[PDB]
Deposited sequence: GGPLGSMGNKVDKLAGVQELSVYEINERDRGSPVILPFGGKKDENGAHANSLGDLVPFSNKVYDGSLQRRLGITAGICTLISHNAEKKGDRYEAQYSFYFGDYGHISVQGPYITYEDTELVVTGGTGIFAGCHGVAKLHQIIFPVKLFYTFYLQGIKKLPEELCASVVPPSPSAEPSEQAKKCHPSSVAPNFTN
């Protein structure tokens, strides 16, 4: 261990990529929406749970703008800018496509707190449109994620539900000062 170990480790961090998965669920209590012609603006904010569905982490918040309608695909293209809030852990910001009829990949434009300085991509997977979504972030350039955010991930499916305690925001099942 020494000079070249130091430099190597620095480079390792700069290039390293970590996975982080979360569920976004519209529980229809925040008055968050749930057209066909370019122009419609859709502000939104849903709840965010961890990959294991045992912890309420926070919320999403941002806007979608309708771009185009696809007849044969039966859906619409939106361009979106929004953030994922994880309480005191910090937040992650994204920019890119949200399309009603398919999964997409968004740009991770950066983050705060433990996500400070991150960059990469977020894979958006639609389980039930539009109320149940699953995301996997691929984050480059940050330190090791805390174990509470890396619990075994429940495979996305229609049956996948947050725990009762997570839904009730029980103190054992929330992130520190979880965003609401």
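Asker: How would you write out the unmodelled ranges of the deposited sequence, numbered from 1?
Answerer: Going by the record, the one segment left unmodelled (no C-alpha atoms) falls at 35-48.
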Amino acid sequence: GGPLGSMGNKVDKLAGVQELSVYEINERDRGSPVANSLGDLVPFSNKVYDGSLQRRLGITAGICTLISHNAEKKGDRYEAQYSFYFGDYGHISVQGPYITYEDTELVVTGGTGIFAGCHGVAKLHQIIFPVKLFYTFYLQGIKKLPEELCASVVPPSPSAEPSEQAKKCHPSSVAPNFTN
From here on, numbers count along this sequence of modelled residues.
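Asker: On mean Cα temperature factor in this entry, is 63-71 or 120-128 the higher one?
Answerer: Per the PDB record, 63-71.
Asker: Comparing 167-175 with 9-17, where is the mean C-alpha B-factor higher?
Answerer: Averaging CA B-factors over each stretch, the winner is 9-17.
Asker: Among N36, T136, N46, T112, which carries the highest Cα B-factor?
Answerer: Checking the PDB record, the top C-alpha B-factor among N36, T136, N46, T112 is at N36.
Asker: Tell me, lowest, middle or highest third: where does the Cα B factor of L57 rank within its chain?
Answerer: For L57, the deposited C-alpha B-factor lands in the lowest third.
Asker: Is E27 in the lowest, middle or highest third of its chain when residues are ranked by C-alpha B-factor?
Answerer: For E27, the deposited C-alpha B-factor lands in the middle third.
Asker: Is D103 in the lowest, middle or highest third of its chain when residues are ranked by C-alpha B-factor?
Answerer: CA B-factor rank for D103: middle third.
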